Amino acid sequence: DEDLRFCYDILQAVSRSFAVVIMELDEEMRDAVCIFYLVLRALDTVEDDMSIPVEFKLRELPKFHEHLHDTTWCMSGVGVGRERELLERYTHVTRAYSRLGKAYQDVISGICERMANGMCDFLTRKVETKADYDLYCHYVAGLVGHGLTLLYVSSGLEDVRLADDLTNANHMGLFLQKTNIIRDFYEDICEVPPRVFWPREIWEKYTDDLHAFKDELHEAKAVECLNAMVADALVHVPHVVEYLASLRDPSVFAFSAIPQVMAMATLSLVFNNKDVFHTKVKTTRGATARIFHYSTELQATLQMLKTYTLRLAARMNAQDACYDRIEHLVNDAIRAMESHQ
């Protein structure tokens, strides 16, 4: 009663975005996801902290999922802001966890450990190749796509067949992560220490050092690299459409579609936009408001995704580098969409 209430309060504080979308789910399905999120967040808080030894994480992280049964466990000196409160009072999270369905628990605990190890794998190294990039996204976001899908099936709102092949589920998360990584470029590289996610296998093709983009001097090259990043992101769209088209429950659907449409809308604004290198490109509050309202049923979301992918490809020129490549991806995305119309 009290415990679960803390989760939403801490959730509402930690992630103001997700906290909203999650309200689309029904109480039960909602409580599980809330916990599921927090657990992943608490785990994230331990990694993002750069005031704790590297061999310390490689020690506790892989063992983190075991605390989900230790209602007395908690951490105190890690995290920034509300995140700290989440770990120091992690008790509430584990308290609510114990009361969830055994099935839900196994999924949360399962993904937690799987994601944890992935972080350790990328702690002692960086993202150099595309394969590195795609894998990293799988660990931090992709796995959330699996965890969620599995949670949808365990609830019964979706058919079990939905968990047969989690390739699309992975794409879902990878689309949100890659879109954000692109959008939040400047925001990340300005932090201390500078955060980088863009794969060297891609940005090397346009510069020697990534910090070079923060210069209006190397603007031209900067934009090219950007479009290349977006191009890589659009590869997931067709699969995103497929996944959404396989959902049958209203609650589950809306909750899964909104974040996607959101991403597609953001991806259409950052595309070939030099502003991405000096500010945080965002959509109007009225834009998201429209999305949150019309993304309750497939057909509707499809026309919005359609329009945003059109506005994206409509922001380039024939004699522009990434032209030929982008158009192929646009047609692909639209084909997958019209394929469900």
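Position 1 is the first residue in the sequence shown; the rest follow in order.
Mean C-alpha B-factor is higher over 194-202 than over the other stretch, the pair under comparison being 250-258 and 194-202.
For the pair 216-224 and 138-146, the mean B factor over Cα atoms is greater in 216-224.
Annotation for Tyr133: CA B-factor lies in the middle third of the chain's modelled residues.
The deposited CA B-factor of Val230 belongs to the middle third of values across its chain. Compared with the other modelled residues of the chain, the Cα B-factor recorded for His236 ranks in the middle third. Ranked against the other modelled residues of its chain, the C-alpha B-factor of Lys126 as given in the entry falls in the highest third. Per the PDB record, residue ranking by Cα B-factor puts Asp159 in the middle third of the chain.
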